[PDB]
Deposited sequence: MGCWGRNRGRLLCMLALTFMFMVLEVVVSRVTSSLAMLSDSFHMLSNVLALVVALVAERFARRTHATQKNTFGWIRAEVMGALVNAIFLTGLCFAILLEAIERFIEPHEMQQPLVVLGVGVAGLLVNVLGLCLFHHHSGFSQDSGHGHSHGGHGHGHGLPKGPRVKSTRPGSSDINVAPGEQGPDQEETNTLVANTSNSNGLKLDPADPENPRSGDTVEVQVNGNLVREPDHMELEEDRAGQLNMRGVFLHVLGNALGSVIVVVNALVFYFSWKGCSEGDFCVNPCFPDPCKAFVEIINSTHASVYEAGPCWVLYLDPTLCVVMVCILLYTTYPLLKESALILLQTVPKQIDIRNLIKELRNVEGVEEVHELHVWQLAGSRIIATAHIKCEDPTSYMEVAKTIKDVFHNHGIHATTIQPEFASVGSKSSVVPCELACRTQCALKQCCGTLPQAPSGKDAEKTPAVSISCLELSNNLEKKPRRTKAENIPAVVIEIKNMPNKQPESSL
């Protein structure tokens, strides 16, 4: 109903900020005519696409009635709306790690500090508005909470790509001697493109710049490996929980060796075969079994006891087949 809301507008104000800050990063990158922020104004186009996947899936997870197309309802839509955002992220912390290994073998000089720093700090205070509207991880059942942990990592992934930038734009502005047009800046780090044009005149004398320090150029790719080893540690408890539900694994709360034992202790029941337990979404566990009873008349209270021994483990969707003989 607002920002302080109900999982619908709170994903929707944030698409109304990423879409406007991507405008503010294109307008600045045409007025100053620098074409190196067009490679960072497409950095927040992988954060508009990853807020539509969590917004389409939230529109379908409200149809829990028995459709003719799905007999359970679309309540497992928001379990794999969080499997997609944790595979679209792991295939994005792989394109960072390959782009930040090309900068090792040939470096790249940032040209305009105090304009990059005028957008890095001005973008760090948008992605520390995502990380504060996502309470239960904003320090002031698990069906939709599992979805908005997929778009918590697409905001933690971009409030760490605006601390690499701000710690980079300060090192260049406070320590880099640079190379203006002429007067002995040889760049003995970087391969100089104007190589066959400095041979005309050894100009005046020893006017040594030598581009200042050399270790500075390898600081934007050293930090894009410490950023990658943090997201591939934080996204692994999401890629395990919401992808063992879809494989229909027995939930962690439930042990099989104390259900098949307790079904055989009920009087009248001889044995139990073909027992299945899976988890639909969150705390809705569904269980079925076969039972070979003996008396075809007393199957009115013996079903009440078997319904109870599933009731004392928290599972309610029961179905049993009395194979009479």
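Positions of the deposited sequence absent from the coordinates, in order: 141-237, 423-507.
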